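Quick setup: one chain, the form deposited without adenosine-5'-diphosphate (ADP), written in structure tokens, and binding and motion questions come after.
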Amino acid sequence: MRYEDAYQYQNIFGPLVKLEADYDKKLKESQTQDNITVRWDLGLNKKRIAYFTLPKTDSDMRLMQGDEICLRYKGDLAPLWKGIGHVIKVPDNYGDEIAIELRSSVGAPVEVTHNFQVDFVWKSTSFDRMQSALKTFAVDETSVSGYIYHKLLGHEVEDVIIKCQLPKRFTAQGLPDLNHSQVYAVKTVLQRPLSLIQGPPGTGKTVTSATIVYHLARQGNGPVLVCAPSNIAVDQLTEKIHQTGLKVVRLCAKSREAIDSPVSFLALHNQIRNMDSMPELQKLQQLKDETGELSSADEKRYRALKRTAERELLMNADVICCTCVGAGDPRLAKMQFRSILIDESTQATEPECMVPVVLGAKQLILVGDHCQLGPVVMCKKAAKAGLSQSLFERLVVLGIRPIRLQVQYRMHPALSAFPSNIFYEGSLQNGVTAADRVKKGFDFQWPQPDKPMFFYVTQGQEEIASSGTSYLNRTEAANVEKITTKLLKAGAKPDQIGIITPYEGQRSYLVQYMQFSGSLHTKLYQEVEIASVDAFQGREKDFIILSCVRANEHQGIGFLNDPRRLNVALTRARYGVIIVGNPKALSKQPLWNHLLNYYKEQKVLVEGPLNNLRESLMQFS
């Protein structure tokens, strides 16, 4: 709500951040995996590599590259050993492998493969920086403009506008032309100190954000700061903005500097390599390559030059891109940013979002969608206390009407109908046609050839799985495998299919079942993503298959019980969506009642064999 001053603000959010930090530490430290089989290999960069599947857990799918794992050998055929490695490969399903690069090559027990132990190393950095942002916001009233200060504290302040900021032409150099709503967004943002943009799925929030940044960077001296709580989003922004022709720098944490990515050619730590504007540095880097190492002297000099270079590139950049937490990087403190844009601001806890904000924001743009998944908070006490409400949402409650991008370009209209109607008051418009959203070289028989989606009615008993903690449904699993197979045969590719289901029992089971009972080859099914809706947020697929799993009426979790998660689940697909489930178990929740009704009205609630589908006469509600 409202706060009297930044100190009260800090007094409320600090403790929340602490709860969350301690809980997160406990949880991360409780995820040790016991009996791991490891496959050793050699990277082309000469570093030793370890591949290993964690059976008995799905959680390793939440790893980002650069996260560090502690690998120990707890056997008796070799000297007890312990080493740390950084993640270079993150698994896509329950049976997929993690791949890490060790910090030092030897004496890694490369001749033993079994009885290894995997721990996830917990770092307090993110939480430390969140706290630092809160303390800064409290003690330093010049960390944001007076206007934004008042607005953040929920004070009453007359609205304010800036005239004469609009460009002759809105479309940025190198980007598509913007549609009506996108232009209106850019325009409104250029006229205001604080703006909220709502970007529903498929609407081009990235292009719009890149345009905004383009214009802000052209009418400003210092770098524009661009953030997001996830590295994926940040990389996307970085790429569009870069296509703009601006001088863009992608700042990575030092933990993530041995890692490549779609946009690492813009990474700070790569840009300072082989610079002609710093011959001495060249001379040293060269000598750290030809020879193995550098003397103490040459090393100290080397580091000094690296620091100089980093300062130079950061200070002279048009745009700096990094994660919200990344903005707390020491190399960025002692810098100020007038214009800050934060994407996916609805997926970050407020403090996390404040990390970059306290770096001198005078013109702030928050892009997001409060109709989709919000912040993920581990500590239920913390969440219930308020840490689960994004800065976006809180500002919306305080009276700021977000500007919504209206035309969607991702999915076949048939697929956008329901989400549009239920979550966006029917406002979304289709920028692609049915013909545009039909896959080339694809023979698949939809019960309604014009509507690439259906609810496969499936009634089978559920079982308790995951040693008492979860559920599986063999019947639904079988139907999911049948559908998947039919899709692959129709010309689809594993990398373009996605299976969403809330229960780890069903995911583990699906992986095993397809691996040993699938019509086609194991290798095919292994490249298919299987996860809870959380994992798919922010990404798209050609085809999405849902599995609801539950046979009897129930409380529900995941998309079964959360409208936002259902929205996400229903809006990931370009070409086709198939929901495998039991209408009798779902219809108790009003939203699923709406979904089922809509699907039957479209003659697309079905049962029977895949080869010969028929409309279900099923009774529910």
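Start at 1 and count along the sequence shown; that's the residue number. Note that the rigid core is defined as the largest set of C-alphas that superpose within 1.5 Å between two forms.
In this crystal structure, the stretch out of 610 to 618 and 3 to 11 whose C-alpha atoms carry the higher mean B factor is 610 to 618. Judged by mean Cα B factor in the deposited record, 442 to 450 ranks above the other of 141 to 149 and 442 to 450. The PDB entry gives the largest Cα B-factor of the residues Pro356, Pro262, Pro200, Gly107 to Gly107.
The entry lists C-alpha B-factors for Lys283, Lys306, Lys380, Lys247, and the highest of these is at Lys380. The entry lists a Cα temperature factor for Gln131 that places it in the lowest third of the chain's modelled residues.
When the modelled residues of the chain are ordered by C-alpha B-factor, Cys322 sits in the lowest third. Among the modelled residues of the chain, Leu605 sits in the middle third by CA temperature factor in this PDB entry. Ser296 sits in the highest third of its chain by CA B factor, as recorded in the PDB entry. Among the modelled residues of its chain, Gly328 has a C-alpha B-factor that falls in the lowest third according to the deposited record.
Just so you know, the form solved in complex with adenosine-5'-diphosphate (ADP) exists too; it's not on screen, but the next bit is about it.
This chain is displayed without adenosine-5'-diphosphate (ADP), yet in the deposited complex the stretch 195 to 203 from 195 to 203, 463 to 471, 392 to 400, 272 to 280 comes within 4.5 Å of it by heavy atoms. By the criterion of a heavy atom within 4.5 Å, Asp177 is counted among the residues contacting adenosine-5'-diphosphate (ADP) in the deposited complex. Taking the partner from the other structure, adenosine-5'-diphosphate (ADP) in the deposited complex has no heavy atom within 4.5 Å of any heavy atom of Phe120. Within this chain, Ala477 is remote from the site of adenosine-5'-diphosphate (ADP) in the deposited complex, having no heavy atom within 4.5 Å. Within this chain, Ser416 is remote from the site of adenosine-5'-diphosphate (ADP) in the deposited complex, having no heavy atom within 4.5 Å. Only one of the listed residues (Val207, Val248, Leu134, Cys548) places a non-hydrogen atom within 4.5 angstroms of adenosine-5'-diphosphate (ADP) in the deposited complex, and that residue is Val207.
Note on the partner interface in the deposited complex: the residue among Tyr147, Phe454, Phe127, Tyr409 having a heavy atom within 4.5 angstroms of adenosine-5'-diphosphate (ADP) is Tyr409. The two forms, fitted on the rigid core, differ between this form and the one not shown by less than 2 Å at the CA of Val438.
With the core superposed, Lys254 shows a C-alpha displacement below 2 Å between this form and the one not shown.
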